[PDB]
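Trainee: pasting the sequence and an experimental structure:
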There are 2 protein chains.
Amino acid sequence: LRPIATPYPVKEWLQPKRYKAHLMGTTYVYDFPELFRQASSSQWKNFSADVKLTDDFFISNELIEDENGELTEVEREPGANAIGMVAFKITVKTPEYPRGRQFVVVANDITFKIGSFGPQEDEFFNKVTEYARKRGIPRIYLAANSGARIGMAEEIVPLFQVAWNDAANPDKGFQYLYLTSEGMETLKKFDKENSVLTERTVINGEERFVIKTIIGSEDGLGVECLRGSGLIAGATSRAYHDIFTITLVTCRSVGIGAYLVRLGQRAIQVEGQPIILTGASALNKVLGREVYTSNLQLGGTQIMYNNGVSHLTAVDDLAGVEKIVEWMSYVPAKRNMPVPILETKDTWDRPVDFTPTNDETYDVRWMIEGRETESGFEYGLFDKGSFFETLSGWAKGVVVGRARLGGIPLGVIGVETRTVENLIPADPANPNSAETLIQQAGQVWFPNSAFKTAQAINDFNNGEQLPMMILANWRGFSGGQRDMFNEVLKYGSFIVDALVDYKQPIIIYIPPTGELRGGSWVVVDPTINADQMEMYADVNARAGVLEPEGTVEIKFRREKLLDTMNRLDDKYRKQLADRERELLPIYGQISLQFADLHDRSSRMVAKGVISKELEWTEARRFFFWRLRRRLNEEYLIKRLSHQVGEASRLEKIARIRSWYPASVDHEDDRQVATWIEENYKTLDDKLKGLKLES
Amino acid sequence: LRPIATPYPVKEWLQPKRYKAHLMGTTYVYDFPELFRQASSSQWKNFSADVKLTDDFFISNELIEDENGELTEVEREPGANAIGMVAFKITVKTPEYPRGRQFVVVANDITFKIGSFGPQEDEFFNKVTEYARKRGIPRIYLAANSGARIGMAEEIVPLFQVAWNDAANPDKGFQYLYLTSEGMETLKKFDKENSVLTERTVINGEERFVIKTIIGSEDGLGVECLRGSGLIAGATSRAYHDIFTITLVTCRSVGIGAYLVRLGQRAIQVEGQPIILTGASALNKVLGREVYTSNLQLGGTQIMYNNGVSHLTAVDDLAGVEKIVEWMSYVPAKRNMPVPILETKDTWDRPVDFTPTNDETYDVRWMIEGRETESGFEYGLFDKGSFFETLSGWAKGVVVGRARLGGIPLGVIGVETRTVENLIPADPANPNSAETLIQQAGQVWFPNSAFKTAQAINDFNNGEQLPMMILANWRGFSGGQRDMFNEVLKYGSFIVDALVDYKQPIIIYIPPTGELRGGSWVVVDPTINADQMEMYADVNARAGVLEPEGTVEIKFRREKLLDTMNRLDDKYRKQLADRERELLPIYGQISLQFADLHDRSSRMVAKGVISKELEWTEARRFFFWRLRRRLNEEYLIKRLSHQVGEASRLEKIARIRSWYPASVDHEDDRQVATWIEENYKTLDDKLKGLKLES
Ligand SMILES: Cc1ccc2cc(CC3CCN(C(=O)c4c5ccccc5cc5ccccc45)CC3)ccc2n1
Ligand SMILES: Cc1ccc2cc(CC3CCN(C(=O)c4c5ccccc5cc5ccccc45)CC3)ccc2n1
């Protein structure tokens, strides 16, 4: 017992595995539920400081496999796990789900065979994934591992013999490895007959059993660990499309551990905990040179967070738990349940304070969440303090996060107007390699930013099942040689694919001072997904194939411009080339203005390419009711889908809208939502009466 | 008429648009069906030189929209197209489909408004896509365009007026643009009242109509072209997952044209025809410096083919047509129809001649298709001359293509054992940028090669609907700093996703001299998709978590090795450190051999991680019947799916296998296929009798 004379018992002594975990710079597996209780309690204090919270608000129940491999709940002492993988079913009353929400926590036990993955950990991890998926509840994975388990048939180690070329000189070589009758019997005696594959021969009187394959008695030495890893990689790939999947990296995550981090997509990395494949030491041995310094050089946050593999970093395990808890506050309690409405002090019914100007540089986050000033807080489009930014360390040209719109949770994509710099590090493996600083123009899609956009869209759709708003403001894609070679077309195409797959309301809104040109429009147009998509443009937005400078260059050339001088200039209508020189700069300006006049939201409305033209200060009020209306209608489309079984979206919506009283304006979002909410149970009777099916 | 006195009529004069197309370095749209006839005829000559072919073997029928926008067939003169998009329905008797196969060809008319995309071309392209998708037939797109159409309200050009700050000095500035009552009436007179959005004011007696927005009378000037582009981008994204989509780039492909190339995935680029977004000239104007030289520098084959955006290059339009024709020979006639069996001179019933050795470097293509030698042709695993390689210019570490196995078409993925070099060009935009040569070790997955692998898997699955064989031979993923920063984990994860989505038989086979370690195994394991996947390892293959050098480093350390010297060396059993120095090199070799003995196919079989261990020379015969058996069983699973409506794969297969006579060995592939083929109609009666449903 160390230390003696403490006020309460030494938990690290009561369970020494707690101390092993601590010595490896991580929380002990069995202590993680407590971090979830601490975080859930903080969630309440930050929401309503006055809430009197008891212990029944949070329940953690360890899951273990029964006699038939069926998962059941247990109340046992920490450290009684016979396998290196552990899981808990958590039932917590949160501000979004005050009656309770459920999720599973799977975790490696770093103190059980170094957190390595053997077939039993793999089988259990897969069974927990399936348990969560069947129930539709989120699956949190806590990664603290050594990757697949590695072994040797340690029983053949003291038994094997070597058939030397010349016994007197061992360095002259050897022919094969073998077992004697003594070795063969030793295995027979311990029922380890299946440990080797032998072939009998007689060499100079001696009966030797030539080892042809070493199998081993102990399960979990090689290929079976790779099979199991594959199973859990496929399991996680499938779970990402089905339930909310998140992973917290606490202590190393190696090999399968690294793929699991990525396969679950959503990841929080604790500072100083690497995400690696082959470690630095092993790589140096392969390269035959001392190339790398640490595993952190290969998979630290300066790699993974900058990569976009790590969505967020965490200062310590509790910080990471707190971030999982916060991320989950935006996500339905289970698959196909409505998005969690959380109304705060920031009511839907106010104008937007922060407005961008053309002459002044701004941070797009100010338009999203607002900004503090000396005169006071300038509210943004979304609920004060609801902007939870993710992928913040990668492709900083796009801003992605979750937010709330008068309570409604949604995914937000904004455009960083400021030039973004990235520091591509020097390759240690190449002596003729130096670090390079890459500057990327604002409002221009690059391979990395287009990749981040598609990724964000997918991550909002799968598991999160959130509506989305893209505050669309791009000049186009980078068409230069470097960016074209770096496959910009591939990443731009992923955006289209992500939108095609989207299953919740989408809102594309070109903000004030905003623009959407050429390929940038193409890739985000509501016809990619007419069922979910909708486009809006601010009265101060611009959009066209080209920008006024390009439109002019192609369509208002020198001849057209001189004919304009002949029409408009009394002096112009040998001596003329002189007036031409004087007029051209202002005439260039006239043509730029002529072009710009086609790029207005009024032409967008007239040409029916946007649902409505909007006023920024009035967007919070508009978007709130539009999304609230749309969430109600989507619910009714889904209930109708079960009934009829076969009909188009248009047929379903037309039918739902035919149930609205004659007095209801189908174009009034506030009225339509108000009516639906006043009649959910009356609409339920309507749908139940429709069960007149054959 | 130029030239005079020709033997037959001057086609370029009869239709001058043919000459315009020619002057732009491309085939005239209406001449493309003839290239398809020429190619289809070549297909026959290369298959059976003795075939007497007539003209009814090939039928091309132009599709045009009727009065109600419904596509119908027409026989009209070339060049009567009122829109810049043209389509043909082709019905061709090919060696795979001798009774005929159908597909649509959509193409831009480079001679119609520079091949630009207006709303009518977009609406038609979408209608053709839908026509092909509804029918399940392939959609070939021939790209020769200027991207979205760009315009201005050319009627406002001679009418507009400018409100000068001071009329005497024009360069002092202007306030706004306006129309006079004369201008307003001019528009009123031509029913172009809707061309502008004005606001009346009176300035110093004059009634001016302030232009607030220029809309225009002519459709297809701006945003409506971007809407249409979006529609066709989404349409193509959807078509790739539904039907076989291929694109041939003949003459430039700009903006939406470039995205269409990528969205359809499968692309052949004609040498010298660029795939661009913003052109070089425009980019130089944005950058304010003469950075780029040509559009080919941005989107030529040295970009797109090296990128993997272009799957193949073509020397001229006929070469590209011939490659589409050849690619299609592997693809079903329509969606959900069986893969086209084409048996050639190379019967299934022979051993594999080309066998790799450990001491000799080989080209993996030799194992796939065989190789010519002085002694004669060494046959490979697949049918002689059936290897059609794709993505050949990108990530050369993986070899991807289509092949035939005794007639059966399938996707093939092999590993390039030789070190691959890539030349990353110097960025013209960066003066402190030089070209870099990147060497990539063989049998190691890098970001690019992992991306190519996932891509190939997807491209085989979607549209092609082909079975697959991965000749798995990777040491692992590159875990170094550069490759980890370049997101190797993301691309490795795409492999898993591509396999999860796979709907046709998969065969993973570790070939002779081959290996599969750590993360390389994880990502390709049959548990990712138990329904389709199956693993095999050659008797000369190796597989484990680590390689013998790593296994030794971790599990057979210094102490274990000295205890082994104490056991095995009579001399070893101050003076001992000397014998230790002498013994260690051979003892290191003993430990390397001890490890290697666990890495055998026999342990893989014993641990149940492979379906069977195989002998390479006998693989063609094994794989032929295994795939032929599996194609027959898959067919029966599908017919059963319609009947019962609800049951697992295992329940379906167990039921199908219960119909086999008692004498049939379920493990004999040749017998099982022979029985199914002898009883398709008897099995059809069985399934029809199962329609006893309520
Ligand atoms: C590295 C980098 C930096 C900024 C970029 C900006 C864009 C947006 C494009 C630029 C080109 N473009 C234009 O309207 C445009 C121009 C836009 C601004 C200035 C000059 C322009 C000249 C053009 C000449 C012909 C056609 C178009 C021109 C459409 C919008 C596209 C790619 C960019 N790449
Ligand atoms: C740039 C590059 C080049 C080759 C690469 C090869 C691999 C394959 C790996 C290499 C590491 N590995 C080993 O079995 C291995 C070793 C393999 C060969 C030589 C030395 C090794 C030392 C190791 C020390 C500890 C653990 C493993 C070691 C598993 C297989 C992985 C990454 C590679 N990256």
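Mentor: Perfect, I can see it now. Numbers count the residues shown, from 1 in each chain, chains lettered A, B, ... in the order given. Ligands and ions are numbered 1, 2, ... in the order given.
Trainee: name the nearest residue to whichever residue of the stretch 51-200 of chain A sits closest to ligand 1, sequence neighbours excluded.
Mentor: Nearest to ligand 1, among the residues of the stretch 51-200 of chain A, is residue A:143, at 38.4 Å (CB to the nearest ligand atom). Yep, even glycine has a C-beta here, placed from its N, CA and C like the rest. Once flanking residues are discounted, residue A:143 sits nearest to residue A:253: 4.0 Å by CB to CB, 6 or more residues apart in numbering or on different chains.
Trainee: related to what we said a few turns ago, what is the neighbour count of the residue of the stretch 51-200 of chain A closest to ligand 1?
Mentor: Residues near residue A:143, counting by other CB atoms under 10 Å in any protein chain shown, number 28.
Trainee: give me the beta-bridge partners of the residue nearest to residue A:143?
Mentor: residue A:275 (DSSP bridges).
Trainee: domain-wise, how is chain A divided?
Mentor: What curated CATH domains lists as the domains of chain A is A:1-150+A:220-335, A:154-219, A:336-694.
Trainee: can you get me a residue count around the closest residue to residue A:526 other than its chain neighbours?
Mentor: Among residues not flanking residue A:526 along the chain, residue A:533 sits closest, at 3.6 Å (CB to CB, 6+ apart). Each residue near residue A:533 was counted by other CB under 10 Å, and the total is 22.
Trainee: what's the separation between residue A:533 and residue A:503?
Mentor: 12 Å (CB to CB, to the nearest Å).
Trainee: report the set of residues contacting both of these two.
Mentor: By CB atoms under 8 Å, 6 or more residues apart in numbering or on different chains, residue A:533 and residue A:503 have no common neighbours.
Trainee: quick one: end-to-end distance for stretch A:604-618.
Mentor: 19 Å (CA to CA, to the nearest Å).
Trainee: next one: that stretch, is it in contact with chain B?
Mentor: Yes: Stretch A:604-618 is in contact with chain B by CB under 8 Å from any CB of the partner chain, via A:604, A:606, A:607, A:608, A:609.
Trainee: quick one: distance of stretch A:62-69 to the chain centre.
Mentor: Computed by CA atoms, centre = their mean, to the nearest Å, the chain-centroid distance of stretch A:62-69 equals 31 Å.
Trainee: buried sites along it?
Mentor: If you call a residue buried by 16 or more other CB atoms under 10 Å in any protein chain shown, then stretch A:62-69 has these buried ones: A:62, A:63, A:64, A:65.
Trainee: likewise stretch A:337-348?
Mentor: By neighbour count with 16+ other CB under 10 Å, stretch A:337-348 contains the buried residues A:339, A:340, A:342, A:346, A:348.
Trainee: look up how far residue A:587 lies from the residue of the stretch 301-450 of chain A found nearest ligand 1.
Mentor: With CB to the nearest ligand atom as the measure, residue A:441 is the residue of the stretch 301-450 of chain A nearest to ligand 1, at 4.0 Å. Taking CB to CB as the measure, residue A:441 and residue A:587 are separated by 29 Å.
Trainee: chain neighbours aside, what residue packs nearest to the residue of the stretch 301-450 of chain A closest to ligand 1?
Mentor: Nearest one to residue A:441, counting by CB to CB, 6+ apart, is residue A:419 at 6.2 Å.
Trainee: next, the contact list for the spatially most central residue of chain A, please.
Mentor: Central residue of chain A (CA atoms, centre = their mean): residue A:266, 3.7 Å from the mean position. Contact analysis of residue A:266 by CB under 8 Å, 6+ apart lists A:244, A:245, A:246, A:247, A:311, A:327, A:390, A:459, A:463.
Trainee: now it: phi and psi?
Mentor: Dihedral pair for residue A:266: phi -70, psi 120, per degrees, to the nearest 10.
Trainee: residue A:209 too?
Mentor: Dihedral angles of residue A:209 (phi, psi; degrees, to the nearest 10) stand at phi -110, psi 90.
Trainee: of the buried residues of stretch A:62-69, closest to ligand 2?
Mentor: Looking across the buried residues of stretch A:62-69 and measuring by CB to the nearest ligand atom, the closest to ligand 2 is residue A:65, at 31.9 Å.
Trainee: tell me how many other residues surround whatever residue of chain A ends up closest to ligand 1.
Mentor: Per CB to the nearest ligand atom, residue A:550 is where chain A lies closest to ligand 1, at 2.3 Å. Residue A:550 has 19 neighbouring residues, counting by other CB under 10 Å.
Trainee: same question for the one 3 residues further on.
Mentor: Other residues near residue A:553 come to 16 when the count uses other CB under 10 Å.
Trainee: may I have the secondary structure class of it?
Mentor: Per DSSP: H, G, I helix; E, B strand; the rest coil, the secondary structure class of residue A:553 is helix.
Trainee: measure it to residue A:266 for me?
Mentor: Distance, residue A:553 to residue A:266, by CB to CB: 45 Å.
Trainee: likewise residue A:424?
Mentor: Using CB to CB, we find residue A:424 at a distance of 25 Å from residue A:266.
Trainee: three-state assignment of residue A:8?
Mentor: Look at residue A:8: counting by three-state DSSP, its state is coil.
Trainee: now do the strands in the stretch 401-550 of chain A.
Mentor: Taking DSSP state E, counting those that start in this stretch as the test, the strands found in the stretch 401-550 of chain A are A:408-415, A:420-424, A:436-440, A:444-445, A:468-470, A:476-477, A:506-510, A:515-517, A:535-538, A:542-544.
Trainee: now do the fifth one: which elements does it pack against?
Mentor: If I follow you right, that is strand A:468-470. Using 3 or more CB pairs under 8 Å, 6 or more residues apart in numbering or on different chains; DSSP states H and E, the elements in contact with strand A:468-470 are strand A:408-415, strand A:506-510.
Trainee: could you tell me how far the shortest one lies from the centre of the chain?
Mentor: This points to strand A:506-510. From the chain centre to the centre of strand A:506-510 is a distance of 21 Å (CA atoms, centre = their mean).
Trainee: do the longest one as well
Mentor: Distance of strand A:408-415 from the chain centroid (CA atoms, centre = their mean) equals 14 Å.
Trainee: for chain A, what lies in contact range of ligand 1?
Mentor: Neighbours of ligand 1 within chain A, by CB under 6 Å from any ligand atom: A:441, A:444, A:475-476, A:478-480, A:517-518, A:546-547, A:549-550, A:553-554.
Trainee: those, buried ones only, as a ChimeraX selection?
Mentor: ChimeraX command restricting these to the buried ones, with burial defined by 16+ other CB under 10 Å:
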select /A:444,475,476,478,479,480,517,518,546,547,549,550,553
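Trainee: from the residues of chain A next to ligand 1, pick the one nearest residue B:112.
Mentor: residue A:554 (17.7 Å; CB to CB).
Trainee: was I right about the closest one contacting residue A:545?
Mentor: No: between residue A:554 and residue A:545 there is no contact under CB atoms under 8 Å: 9.2 Å.
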